[PDB]
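Read through the structure below, which is laid out as structure tokens, and then see the notes.
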């Protein structure tokens, strides 16, 4: 069995500083509603707090702007579930990350958000390569996303559009 959750001992501290969004996708277009969607962001850099939580900032596509999203993520003691409590977020589930090479986690916020669950697999892979994508076919792609998004690694080396 190749696990199927967050890994136990999945310490977000193990994924700190790089996140490439090979793809971000949503289970229901509602978490993905909008040409750019609110929870459809690619990650530029993670800044793990001194060790209590992991504070990671990312880039967001706006018709013309670069909006930025806040991820404050603590599962309790802080391993892989986090409430980020900004932009309709309150709980994040990281199913994988640097424990395999890729990361799997979506944002959503408990009130009636499970129809808000949009997983994001951040990359680092042994290449900024669809490696997370094939593994997406399985990671977050392993599922039947209803709005699904994936970009190439070539631009992943650039922030926003510039």
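We count from 1, first residue shown onward.
Technique stated in the header: solution NMR.
A Cβ is built for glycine as well, from the same backbone N, Cα and C atoms used for every other residue.
As recorded in Swiss-Prot, the features of this protein are as follows:
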| type | residues | note |
| --- | --- | --- |
| DISULFID | 66-160 | disulfide bond |
| DISULFID | 106-119 | disulfide bond |
| DISULFID | 106-121 | disulfide bond |
Within 10 Å, the Cβ with the most other Cβ atoms among the disulfide-bonded residues 66, 106, 121, 160 is that of 121
Calculate the distance in Å between the alpha carbons (Cα) of residue 121 (disulfide bond) and residue 160 (disulfide bond), and round it to a whole number.
18
In whole Å, how far does the CA atom of residue 106 (disulfide bond) lie from that of residue 160 (disulfide bond)?
21
Simplified DSSP label at residue 119 (disulfide bond) comes out strand
Count of other CB atoms lying within 10 Å of the CB belonging to residue 119 (disulfide bond)
28
